[PDB]
Amino acid sequence: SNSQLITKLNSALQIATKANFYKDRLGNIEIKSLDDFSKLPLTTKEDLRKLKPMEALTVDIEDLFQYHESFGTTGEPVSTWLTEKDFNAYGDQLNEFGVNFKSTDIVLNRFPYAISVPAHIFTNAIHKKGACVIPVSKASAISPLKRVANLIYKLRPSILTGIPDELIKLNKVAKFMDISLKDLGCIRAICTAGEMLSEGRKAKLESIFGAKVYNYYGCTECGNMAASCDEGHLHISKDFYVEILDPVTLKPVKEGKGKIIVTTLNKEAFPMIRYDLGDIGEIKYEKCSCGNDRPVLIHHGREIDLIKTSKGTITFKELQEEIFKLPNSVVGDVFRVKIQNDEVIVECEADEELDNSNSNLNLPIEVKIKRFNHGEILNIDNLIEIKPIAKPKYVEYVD
Amino acid sequence: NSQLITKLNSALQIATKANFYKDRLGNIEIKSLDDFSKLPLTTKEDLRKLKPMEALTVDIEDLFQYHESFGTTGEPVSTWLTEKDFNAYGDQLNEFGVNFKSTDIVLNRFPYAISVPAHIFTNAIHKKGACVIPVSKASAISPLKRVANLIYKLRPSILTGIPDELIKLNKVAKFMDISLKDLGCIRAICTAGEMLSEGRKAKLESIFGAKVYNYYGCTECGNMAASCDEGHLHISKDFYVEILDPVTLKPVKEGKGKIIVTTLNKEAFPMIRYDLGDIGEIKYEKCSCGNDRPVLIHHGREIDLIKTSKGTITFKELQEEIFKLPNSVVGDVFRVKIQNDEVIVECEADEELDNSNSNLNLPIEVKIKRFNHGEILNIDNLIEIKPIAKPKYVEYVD
Ligand SMILES: [Mg+2]
Ligand SMILES: [Mg+2]
Ligand SMILES: [Zn+2]
Ligand SMILES: [Zn+2]
């Protein structure tokens, strides 16, 4: 049934248009098809920024339950009220695919509970299956990586969750503490989210931790649009309608990569009608061997993370996919990307310098691997510090 | 008493599931509070020596949350919780305290990192249908400047945070030309995690123009007590509180003493006669609030006692007298130095006090040393905003 999906898209509009923002550019216009839908104006990040938090609201103050934002201080941020239902929906989305949380599971939650949502909805999800949350958080004086390393050694949790960046550092700090988190033999699964994950970097994470990885694709304003199957592919949540548009035309593509627009099927506080995530990807419709009937998504990363020389363009994913076919000797787990004077330079902490003259990348553009020394791009001494913290110290005996 | 005694016994029967408690309590029953008071105290330093699996009376399946001493300075105390237990903690916050309505938007300035107050306040607030703004604390993500803007923008109806932070919040905000009081949106405050004199409570109320509710709790127990409308803490029904003599360690007949607590309603690892290391006293005069539960007077930590040769006072008693002085000579920023057998209170304030004819109505000598605003507490340290964003892996050069 398109009949259902179309019923839903319409509901979403009827709620949305409770709010000035949505009414003064969608009125009471109904729709009869996806194509008639695709005629409707996109909703941009920069649109929502201009909104007071009371302008980003389709429910009564009474139904408010949580609040969230852009964690980033760089750029005006986006109010995202949630009702209990909405919050609970987000959580269910994490459970819809992803790893199978058991009650016997103890889960180290390394996502920031400060203002972001992934921390909170993962908790929601995990509690739902009867498992235990260790609220370590992130970017808190309270829980630097040394402590997290000790926490894992001590508590032996069965699942780690954290943005793949932090998880790579965690393993570095821990290895500098003479701890192989992998050999503990207690971590069966990982939950990455908050940055795009190549199959190459996913396979890196799996080799480090010796665990299966489940990746979760979401955002504050929407919820969690997709997550990994056992086979490794993201799948799209039933609570969303995902379109792939052409960067320039802004029309549905016939196939292949494109801008990722999402509409909320199941969020009532302020629904996302055709929201421009600003990412790149593609929906496949071949049924995954996992057996799940929902459609697979290939995430190519953010739009600004496209690699554009004169001689072509590639997605950050495509770049990464090729980087990480090279040995760890030449690439490693710490890298950044400079595009300058019409060349692509990947700077990598690694032991060996690469031929480059015999690099033999299978990309439509030229990419060089510039070698660095471990610790030069990522300073380990910055991560190992522990600030002592406690309650205020008001009463001093000078003895 | 038959109820309370039934409960104390249950607590022991669970507790002794754990070697820690069994190898010093066996299956000993009790018939009275007095027979209870014969049992060995449980100390902070006791629990520290426990592996997290040794601090556990339930199966891994029933585990739900985990927590610790937030400080990275000093070995920490494992505190598992089951869903029930967590839910109990929350209910304790709701048992007295402020009355959370569904029309309430609450800025939650407690750290969600490892501590519990942040999480159980959320629990409580959701329970009444109100909205949580999870600002947290000690996170790069949420410096005071942002919190000030967040309040200006979202106009929340309730702030929650340790009174120290809340005093700073108002400083940072006032330096940003924002009077949080004149917003007209904050009706209530929820202090916790440090002791609160009636004088400092009244200070907070003057700053924010809101009523204060204080909450007295700890990670291992839950939240043992919270304020009534009248101002007085009351003890939660989920706990048995004793006041012991500092030296003898026997029930006192009346007055101040060491505060020991037993968990009536926590099953993962119950606190049997736990030494908080605080000082206080139970009154049984009924508060005019009409709540029948007994009032508690919190005097602060033991190490925060003021001991000269010429006597001794509680941090509260000291504070209570400090803050009867004009605002001109005592503000909201103070510290306490005891040196060469004198008590010096250093205060940011405009006027110097005529200590040569000082009022102070205490059994010991206490001098008020005047300082300039911003010299004890540097506002410039707090106004910084650290830029944070996702990782930045792709750079276009030039
Ligand atoms: Mg469990
Ligand atoms: Mg509400
Ligand atoms: Zn699949
Ligand atoms: Zn009362």
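Chain letters run A, B, ... following the sequence lines, proteins first and then strands; every chain starts at 1.
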A.B. asks: Quick one: does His67(B)'s side chain have a donor or acceptor within less than 3.5 Å of a partner on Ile114(B)'s backbone?
C.D. replies: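 Checking the backbone N and O of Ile114(B) against the side chain of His67(B), a donor-acceptor pair under 3.5 Å is found.
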A.B. asks: I need the minimum non-hydrogen distance between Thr42(B) and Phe20(B), along with the two atoms involved.
C.D. replies: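 That would be CG2-CE2, 3.5 Å.
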A.B. asks: Are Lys127(B) and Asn87(B) close enough that a side-chain donor and a side-chain acceptor fall under 3.5 Å?
C.D. replies: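 A pair is found: one side chain offers a donor N or O, the other an acceptor, under 3.5 Å apart.
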A.B. asks: Ignoring hydrogens and angles, tell me if any N or O in the side chain of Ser157(B) forms a donor-acceptor pair with the backbone of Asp104(B) under 3.5 Å.
C.D. replies: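 Not a single qualifying donor-acceptor pair exists.
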A.B. asks: For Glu198(B), does its backbone N or O pair with a side-chain atom of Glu320(B) as donor and acceptor, under 3.5 Å?
C.D. replies: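 It does hold such a pair.
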A.B. asks: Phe334(B) and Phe371(B): aromatic ring centres closer than 6.0 Å?
C.D. replies: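 Ring centres of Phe371(B) and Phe334(B) not closer than 6.0 Å.
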A.B. asks: Between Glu165(B) and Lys168(B), does at least one N-O distance fall below 4.0 Å, as a salt bridge requires?
C.D. replies: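 Salt bridge flag = no for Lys168(B) with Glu165(B).
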A.B. asks: Are any non-hydrogen side-chain atoms of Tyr240(B) and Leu33(B) less than 4.5 angstrom apart?
C.D. replies: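 Yes; the side chains approach each other to less than 4.5 Å.
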A.B. asks: Rounded to the nearest 0.5 Å, how far apart are CG of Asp304(B) and CD1 of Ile279(B)?
C.D. replies: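 So the CG of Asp304(B) and the CD1 of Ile279(B) are separated by 10.0 Å.
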A.B. asks: When you measure from the side chain of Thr57(B) to the backbone N and O of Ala268(B), does any donor-acceptor pair fall under 3.5 Å?
C.D. replies: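 Confirmed, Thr57(B) side chain pairs with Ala268(B) backbone.
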A.B. asks: Looking only at non-hydrogen atoms, find the nearest pair between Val329(B) and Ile368(B) and report the distance.
C.D. replies: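 Scanning both residues completely, I find the closest heavy atoms to be O-CG2, 4.0 Å.
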A.B. asks: Step by step, work out the ring-ring contact (aromatic ring centres under 6.0 Å, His included) result for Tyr21(B) and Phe269(B).
C.D. replies: CA-CA 9 Å; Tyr21(B) 274 129; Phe269(B) 184 81; 5.1 Å; yes
A.B. asks: For a side-chain contact (heavy atoms from CB on, under 4.5 Å) with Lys316(B), tell me which candidate from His299(B), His298(B), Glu321(B) qualifies.
C.D. replies: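 Answer to the side-chain contact (heavy atoms from CB on, under 4.5 Å) test with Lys316(B) among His299(B), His298(B), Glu321(B): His299(B).
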A.B. asks: Taking atom SG of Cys347(B) and atom CD1 of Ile322(B), what is their separation to the nearest 0.5 Å?
C.D. replies: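 So the SG of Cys347(B) and the CD1 of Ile322(B) are separated by 6.0 Å.
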A.B. asks: Walk me through it: do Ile303(B) and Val395(A) pass the test side-chain contact (heavy atoms from CB on, under 4.5 Å)?
C.D. replies: CA-CA 8 Å; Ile303(B) 51 251; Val395(A) 172; over 6 Å; no
A.B. asks: What's the shortest heavy-atom distance between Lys137(B) and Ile142(A), and which atoms?
C.D. replies: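 Closest approach of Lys137(B) to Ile142(A): O-CD1, 4.5 Å.
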A.B. asks: What are the two closest non-hydrogen atoms of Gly257(B) and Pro246(B), and how far apart are they?
C.D. replies: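 Heavy-atom minimum between the residues: CA-CD, 4.4 Å.
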A.B. asks: Do you know which of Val135(B), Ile133(B), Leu183(B) makes side-chain contact (heavy atoms from CB on, under 4.5 Å) with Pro156(B)?
C.D. replies: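 Per the side-chain contact (heavy atoms from CB on, under 4.5 Å) rule, the option paired with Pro156(B) is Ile133(B), out of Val135(B), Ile133(B), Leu183(B).
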A.B. asks: Is a donor from one side chain sitting under 3.5 angstrom from an acceptor on the other, for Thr160(B) and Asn108(B)?
C.D. replies: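 Yes - a donor-acceptor pair under 3.5 Å links their side chains.
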A.B. asks: Ignoring hydrogens and angles, tell me if any N or O in the side chain of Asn170(B) forms a donor-acceptor pair with the backbone of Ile167(B) under 3.5 Å.
C.D. replies: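 Pair absent, no side-chain N/O of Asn170(B) close to backbone of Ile167(B).
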A.B. asks: Checking the side chain of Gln13(B) only, and the main-chain atoms of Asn9(B) only, is there a donor and an acceptor separated by less than 3.5 Å?
C.D. replies: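 Pair found, side chain donor or acceptor close to backbone of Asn9(B).
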A.B. asks: Looking at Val77(B), is its backbone amide N or carbonyl O close enough to the side chain of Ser69(B) to form a donor-acceptor pair, meaning the two atoms are under 3.5 Å apart?
C.D. replies: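 Flag set: sc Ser69(B) to bb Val77(B) pair under 3.5 Å.
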A.B. asks: Looking at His119(B) versus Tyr113(A), is the centre-to-centre ring distance below 6.0 Å?
C.D. replies: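 Ring centroids of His119(B) and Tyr113(A) are less than 6.0 Å from each other.
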A.B. asks: Could you report the tightest heavy-atom contact between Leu39(B) and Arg273(B), atom names first, then the distance?
C.D. replies: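 Looking at all heavy atoms of both residues, the closest pair is O-NH2, 3.1 Å.
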A.B. asks: Considering only NZ, NE, NH1 and NH2 on the basic side and carboxylate oxygens on the acidic side, decide whether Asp46(B) and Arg24(B) come within less than 4.0 Å.
C.D. replies: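 Salt bridge present between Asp46(B) and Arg24(B).
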A.B. asks: Look at the side chain of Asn291(B) and the backbone N and O of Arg293(B), then say whether any donor-acceptor pair between them is shorter than 3.5 Å.
C.D. replies: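 Yes: the side chain of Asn291(B) pairs with the backbone of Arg293(B).
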A.B. asks: Specify whether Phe64(B) and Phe86(B) have parallel, tilted or perpendicular ring planes, treating 30° as the upper limit for parallel and 60° as the lower limit for perpendicular.
C.D. replies: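 Tilted, since the angle between the ring planes falls between 30° and 60°.
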A.B. asks: Side chains of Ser236(B) and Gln92(B): do they bring a donor and an acceptor to under 3.5 Å?
C.D. replies: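 There is no such pair between these side chains.
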A.B. asks: Nearest 0.5 angstrom please: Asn265(B) CG to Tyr89(B) OH, how far?
C.D. replies: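 The OH atom of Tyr89(B) is 10.0 Å from CG of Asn265(B), to the nearest 0.5 Å.
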A.B. asks: Looking only at heavy atoms, which two atoms of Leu180(B) and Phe208(B) are closest? And how far apart?
C.D. replies: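 Heavy-atom minimum between the residues: CD1-CE2, 4.1 Å.
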A.B. asks: Any side-chain to backbone donor/acceptor pair from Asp350(B) onto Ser328(B)? Under 3.5 Å, distance only.
C.D. replies: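 Looks like no, no N/O pair under 3.5 Å.
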A.B. asks: Is there a donor in the side chain of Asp85(B) and an acceptor in the side chain of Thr82(B), or the other way round, less than 3.5 Å apart?
C.D. replies: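 Judged by distance alone, the side chains do pair up.
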A.B. asks: Can any side-chain N or O of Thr314(B) pair as donor or acceptor with the backbone N or O of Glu317(B) at less than 3.5 Å?
C.D. replies: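 The answer is yes, because a donor-acceptor pair under 3.5 Å joins these two groups.
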A.B. asks: Assess whether side-chain contact (heavy atoms from CB on, under 4.5 Å) is satisfied between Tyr216(B) and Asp278(B), documenting all intermediate values.
C.D. replies: CA-CA 11 Å; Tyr216(B) 175 50; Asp278(B) 299 351; 2.6 Å; yes
